[PDB]
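Below you'll find only one chain, the form deposited in one PDB entry, shown as structure tokens.
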């Protein structure tokens, strides 16, 4: 039975507020909304409709809060009877607290916290003599006096947090509150306001049970000593983020009735809990996270033995702790245990036989040893984390008795098997056992009733999953990571029932079956598809479909055939090498693509490269090697601003290559074995400042090697063998940096792709190394030896002599100047070379006598000086005599 005056007042209050988030929507002048009892946020007395509770609060959803923004109209005074006013996280006019709140005459609850109220506290709050709970904390209020607090003699809770606290004699004022029981002075300085012993003596008797004293820069035991003389009645004590240093006070023991001790995020709590804590017998929550305890765990548990039957949640994570966890079932009341990221180095043994009550256990990111305990003694575990440890032995058969586990992570251990009871789990939403040993075979019996599995990760184990035919899986799992798992000679037939997965990883399996017809279309939202290193055959033309969340498509090392699959818009890495594709790739830039890496090597494609690459903006690696293309290179190859590596070796192109002047940030450019023609590009030296690998072998070039090529100053590989070049060898090889510092190494040649792909979040991070890719590619050419620092100018019409500047070169590991026409004597000063492992100067018109310094070379592996007009008396050295007669043949010495 609402009073029309109160309803009009409420409407007037609403008029001044801009409720832009749907709150206060039930309010209004409409006829169907007349009765104010169902009006949201409003409660009324049944005998008479006077408003009692007005709680327009909100909450943080993750931050973000659906805050109101208006102005407190003074019409609320018409309510005349309310005893509850909650404005908890709203942001009204960022001004002083309204001065009419003092004239309510019946309030028993005021929560103006977590707003942006500013200014001082009005002095009229002395009229609020009937309050019981006051919460003005975490505002922008500035307090300098507390004389009003004396009149408010009926409070049981006071929270003035977040204030610019400057009241020096706060203890005297607070102690004048006989009925006070909870005090929140968080983030209020209070380290510069320490009551003297005279002030403490000149104080009344108050039994404060709960204290919130966090975010105060105490940093010492003497600053907070006063709380220890409310010892007769204390229940909860929060002292987090005070930068405390030294041993925790021994007086925290013998502090009976304590049920909570938040000591999170201190500086150095050296030594951990003292011997005085064997007297507690009532502890229920002890958080000592991020405090650097360095305590022995059995000692910690024997010091907590008093509260064995009462302790519920225990912290002790992110701090140094050593020992072994033994006899945890004797607590019989512990519910949550977080011993992660410690320096534990012991076993995990029960030995006691009684049942536990753990619901959340996390022993991850530390060291453990020995087998897992009999897990049937934890029939209430909800989230078991045991990863990043050293756990051996088979997973116990009792794992099927949990019957309530949701997340199981046993990765990075040394587990040797997986039991058959795992199937009877019916709420396991995420199973992760990657990077274990896990030998054996998995039958459908291991997955019979896994009805709620949405994440299965048996990554990189010597495992074998072989499900019998006519098995209908009971789960529609989102993430399928099964690399290096034998999934049967045929294509796994349990994927037919799956039509919602977003990440699929069937790589490194053993599949030698043609692609099934039912594997037509992937689920619309797919992010990772890695079918690499298998023997799958068929056409993948009608499987891509151009989704919107594609990130990885790796179909490398298979027996695929047919036309090129479509390249989606949002893909970042597109790998297709080691396949049997054929046709034309003209459909590769028809749409805007954002691929960082594009691999089409070791295939049998054909046709001219389309003039399409103007649409490619983010290509960093383009590898079209060993593919038998033809025609002129596209003029759009210069539009790739962010191009790093370009592989086009062994493809039989033609014509003068186009300018890639805009292609700065280019590091690898190999075009060997094709039919490219023309003079050496002038733009190689001018632009391309970050070039390190340049290979142009077995092409139809000509002309002089222009000296500008010396300006690269990062070149470690220069391949110009069998190209028909002529003239004189450049006299500027010192200009190269990495071949002048002996053991110097260049900056890493890396590219990175990152993403998140799980409801239970997981990080996908691929780091491709260009130099590793070059090493892998070069294994196809030279079986004997390859080197990462090589200068090659063999088999050309070069004339003149070797300039006397390679003697100063230090880190060069290979040198091949053969089948040229070189006149004169070999470099006098060759002994200055240190890390030479190969040297060839065969088939040349060399004249002179081999210098004695050749004797003091050290690590030369292969040497050839055949077919030269040289002198005799080969130097008597250590490894020189180890070479055969072939290396010095064909000479008239």
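Numbering follows the first chain given and starts at 1. Rigid core (definition): largest C-alpha set, two forms, superposition within 1.5 Å.
Unmodelled stretch separating residue 62 from residue 63: 4 to 9 residues (count of deposited-sequence residues without coordinates).
As for the form deposited in another entry, it is not shown, yet the points below apply to it.
Among the residues 762, 308, 369, 176, the single one whose Cα moves by at least 2 Å between this form and the one not shown, once the core is superposed, is 762. Once the rigid core is overlaid between this form and the one not shown, residue 753 counts among the residues whose Cα shifts by 2 Å or more. Here's the thing about residue 765 and residue 600: their CA atoms end up at least 3 Å closer in the other entry than they are in this form. Compared with the form shown here, the Cα atoms of residue 761 and residue 556 sit 3 Å or more closer together in the other entry.
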